[PDB]
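Only one chain comes next, encoded as structure tokens, the form deposited in one PDB entry.
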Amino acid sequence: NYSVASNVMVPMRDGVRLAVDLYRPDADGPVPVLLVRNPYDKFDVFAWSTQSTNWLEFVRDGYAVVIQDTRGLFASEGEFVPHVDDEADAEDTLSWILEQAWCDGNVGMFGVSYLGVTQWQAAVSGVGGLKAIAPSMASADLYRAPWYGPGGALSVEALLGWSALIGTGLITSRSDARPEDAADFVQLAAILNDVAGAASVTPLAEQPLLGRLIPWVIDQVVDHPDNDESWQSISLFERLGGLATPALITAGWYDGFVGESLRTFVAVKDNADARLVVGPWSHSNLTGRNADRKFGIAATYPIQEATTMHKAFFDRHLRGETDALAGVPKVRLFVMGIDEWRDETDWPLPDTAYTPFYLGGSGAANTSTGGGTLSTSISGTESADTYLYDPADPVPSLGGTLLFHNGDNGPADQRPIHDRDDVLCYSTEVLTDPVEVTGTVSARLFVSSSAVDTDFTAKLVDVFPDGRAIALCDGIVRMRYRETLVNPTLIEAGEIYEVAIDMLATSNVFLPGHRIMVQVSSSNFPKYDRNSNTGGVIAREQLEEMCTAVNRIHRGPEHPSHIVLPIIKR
């Protein structure tokens, strides 16, 4: 049995009061507490909970749960600006919880997405009472995920889509109903119905609606393309290695935060009890069912199993039950292809063979019907594949790690974009034996451009016997950020550069009858904004002042372009 207290006002260091809801068990004395920091209304528990845990079970089992409205939203006072106030607000909320009569000195956290990012922001405070966190589909470096990326390109669909979602929330919670609210609601809906079209406006920085409702969209995100001091100020990643806080980390292979979610596991595993669970989900699709790819009912987000695991995790760290995690694996991955859940002892997998698969083939590799090949052997002849990248006609984003723009079809069939001359395809011969690729994926390409800046993309694909070319993982490298995301430099026209493309991670068994395929291009819109091919401030440029670029991929003995695949042999 339990009770629920609504709108308990918690004072922050500056006097601003944040509203919390208290779910407290009918107990004799103090109990362990779990905190959730939410920017989408603490009252609306059903909206996020289905992507997390059946957490009322925690309350029925003796835990107190506190759900808070973040600063400036809904029942909370103050002004809302994403990320900047969460470290301090979390520290003050954790301190308040610890001071209460119903708290036994043990606090934990759980939640998904922004409710996951806020946990990393709470973890770096150094509050002794915080014994464990459980961040799902989260990031500890906001530049790397979800706003930009390891390649330095703006995740424009993520930005405009989320800003429009928050804009809808900021309006239905402010001081009195304004006459322009009705018109603004329709305009925000127009952005959510066509994020690609909203991202196609030039200059990208000119956002009349979003820039008015939430200035941060331009002031912080669009205006800061480099991983500068403004981003480092809200980044938690470098402080993660110094922590000794247990973390139950959940991720999804097609989730926009996957690269960063996995990196947080690697950062905390040595100093504390870190756990990892990765399924085949995208941010908005946790069903395991997609348009052209079904992973089976076992792939559907196992909410009750997740609840049991979280309870066992919290029982060990908040209650002191030393044997609570007995039989529970360190890492649990959904291996695609064979479509089965598998227990592992570590991430990256102990037996990982980082194997180069070289780009080769006779003739031009343009289109799926070209001569592009992939092999573990170095190509014998020096060749080059050339194409024209026009910002007015970018390669459309199809699946992958899309968040808001068609973000419910991660393992998308790539056939609709196969006819494009700007999509270079490289494939292995039809496999006779299974090849498992589980781990971080990257590419090393020898490239040249006619422009002083451009982008280069790489996408890993599983070609099915029936024709389906299913996307797995992808990445991008904006040339000015080839060596560093902090201090960019331009490239010289015609000169060959060896660049690295971070393609995040995947777990897939390429079964017999299938082919391993890699797509190389210079755009992936709106997953990433279009490079202007000018070397200018991309988001401030007009479409008419943008240039086309004649891009080239070099392959052979002296230029061994390849994709590094994390091969597991069992």
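Under this definition, the rigid core comprises the largest set of C-alpha atoms superposing within 1.5 Å between the forms. Counting begins at 1, following the sequence as shown.
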property: 456 to 464 versus 342 to 350 - which carries the larger mean C-alpha B factor in the record; result: 342 to 350
property: Mean C-alpha temperature factor, higher of 99 to 107 and 321 to 329; result: 321 to 329
property: Peak C-alpha temperature factor (PDB record), options 156, 267, 166, 303; result: 166
property: Most elevated Cα B-factor in the entry, residues 36, 509, 517, 27; result: 27
property: Residue 82 CA temperature factor, ranked by third within the chain; result: middle
property: Where the record places residue 400 (Cα B-factor, split into thirds across the chain); result: lowest
property: Residue 271, C-alpha B-factor rank within chain (lowest, middle or highest third); result: highest
property: Record-listed C-alpha B factor of residue 427: chain third; result: middle
property: Record-listed C-alpha B factor of residue 488: chain third; result: highest
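The next section is about a form of this same protein that is not shown, the form deposited in another entry.
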{"item": "Core-superposed comparison between the shown form and the other one - Cα displaced by 2 angstroms or more, from 170, 262, 277, 398", "value": "170"}
